[PDB]
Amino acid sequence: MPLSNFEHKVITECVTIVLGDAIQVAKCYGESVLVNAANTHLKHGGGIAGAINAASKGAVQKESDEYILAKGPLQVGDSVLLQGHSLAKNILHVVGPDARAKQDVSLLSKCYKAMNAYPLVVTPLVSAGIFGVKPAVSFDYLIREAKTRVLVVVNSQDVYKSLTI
């Protein structure tokens, strides 16, 4: 019954769209991997990254800073699996393309392919916020790649209605 707490629509046997807060959806599933829409330096200053960090009481940012100091920054399209900090089994930090910087939007395919390593994924629409890709487009890239159970969570009802109309 976790999804009974949320308005949702099953799109395929893999992909379901959910209206609400991705952090709250992931909290319902102890085995879920929660996707963070991150940047190359894992600086979680706002958006869902800032919300995930706040939910972790700052531990996500502290762990991110340790990682980037040791490994250097990530490339657009990369992903790194880090701790879940009781929000989820793990948090998959994914570096979506920033359309403001005219980065290759097709790198969203590489972002979403990375989700297929995990049996249950809870994800926002990567690059669909400040990175300037329309949610409708980010969704196209997601459904093209998803091979595992993915709960796509959108926190705007206008977006939810648009993707389920």
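Start at 1 and count along the sequence shown; that's the residue number.
Relative to its counterpart among 83-91 and 70-78, 70-78 has the higher mean temperature factor, C-alpha atoms as listed in the PDB entry. 53-61 and 96-104 differ in mean CA B-factor, and the higher of the two is recorded for 96-104. Out of 112, 131, 118, 139, it is 131 whose C-alpha atom has the highest B-factor in the PDB entry. Placement of the Cα temperature factor of residue 14 within the chain: highest third of the modelled residues, per the deposited record. When the modelled residues of the chain are ordered by C-alpha B-factor, residue 41 sits in the lowest third.
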